[PDB]
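As structure tokens, the structure follows; a few thoughts come after it.
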Ligand SMILES: COc1cc2c(cc1NC(=O)c1cccc(C(C)(C)O)n1)CN(CCS(C)(=O)=O)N2
């Protein structure tokens, strides 16, 4: 953990080059709170998050998420969480520096962005167990993520799942209702802050993992992935019809076992949902 010159981060990202790595630029992805650039510092490839209000948030609310992420992650080293290497606040923009995740986001690999080969059912099961172990660590330390989704699950050199984005990290009620609507529990939309919302959001991730479909697709009927889950439960559809066809190693038993965990996670009444420990156990028994 260090403080970095804004100019070092500016320099090693080719002046925050917004062109893709494919074109030859430095932009790897973006979110509601800024753009992720590929950089090289301390003889290592790194990820540089340049923070900016790409959405209706205050510049002080941006600075809150910056300080909040540093407070939570500065000294954190878990197998299934991203590692923060440092920050920059001495220049034009606020920057967070992380250990580079070569295989990017679960979202991107599920969509096969840039022509990457589809993830095997084997890799998917290990990723699900990884992410859950990452969430368990947060919940054990009485932290609520508040934005669990496939874009906030990153993949290292061995496709180990790392949870990312702790700007919003925190039964309790709030007036500022923040998150990703495609993933959000009903009570989270009403402004509740509970780890039970994280479980619901994880349910949607498991659906993404089983189906290979994004949580929302404006060109799709239905548009929201959690409505496909509802339709399955009302027997209007079946899980077999929606299992990602881009796998050769998926067996109905383990797929339906994962769907079972997802379905329990997506109970609309938060108190009916399993806790993360119970999700971990059920995902363990799935591969036994
Ligand atoms: C979107 O963020 C990334 C995208 C991509 C890659 C890395 C990242 N991101 C991080 O490495 C990182 C680490 C920690 C934290 C974060 C934040 C998000 C800032 O929280 N990001 C790599 N990559 C190439 C994949 S390929 C060779 O299969 O085509 N795409």
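Numbering (UniProt numbering), first residue to last: 165 to 334, 342 to 459. Idealized CB from N, CA, C, for every residue including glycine.
Suppose you measure from the CA of residue i to the CA of residue j; what does that come to, to the nearest Å?
i: residue 394; j: residue 405; result: 17 Å
i: residue 427; j: residue 403; result: 12 Å
i: residue 290; j: residue 355; result: 24 Å
i: residue 389; j: residue 175; result: 38 Å
i: residue 409; j: residue 377; result: 16 Å
i: residue 414; j: residue 383; result: 8 Å
i: residue 371; j: residue 438; result: 7 Å
i: residue 195; j: residue 238; result: 21 Å
i: residue 333; j: residue 228; result: 11 Å
i: residue 308; j: residue 367; result: 9 Å
i: residue 387; j: residue 256; result: 34 Å
i: residue 219; j: residue 285; result: 35 Å
i: residue 417; j: residue 350; result: 29 Å
Given residue i, which residues of its chain have a CB within under 7 Å of its CB, disregarding the five upstream and five downstream residues?
i: residue 273; result: 267, 280, 283 and 319
i: residue 435; result: 444 and 445
Indicate, with yes or no, if ligand 1 has a heavy atom lying under 7 Å from the CB of residue i.
i: residue 217; result: no
i: residue 264; result: yes
i: residue 237; result: no
i: residue 191; result: no
i: residue 177; result: no
i: residue 211; result: yes
i: residue 284; result: no
i: residue 205; result: no
i: residue 376; result: no
i: residue 208; result: no
i: residue 329; result: yes
Just to confirm my understanding: we take residue i, look at its own chain, exclude 5 residues before and 5 after, and list those with CB closer than 6 Å. What are they?
i: residue 317; result: 270, 295 and 325
i: residue 182; result: 191
Should the stretch 203-215 be called in touch with the stretch 244-261, which here means at least 3 C-beta pairs below 8 Å?
yes
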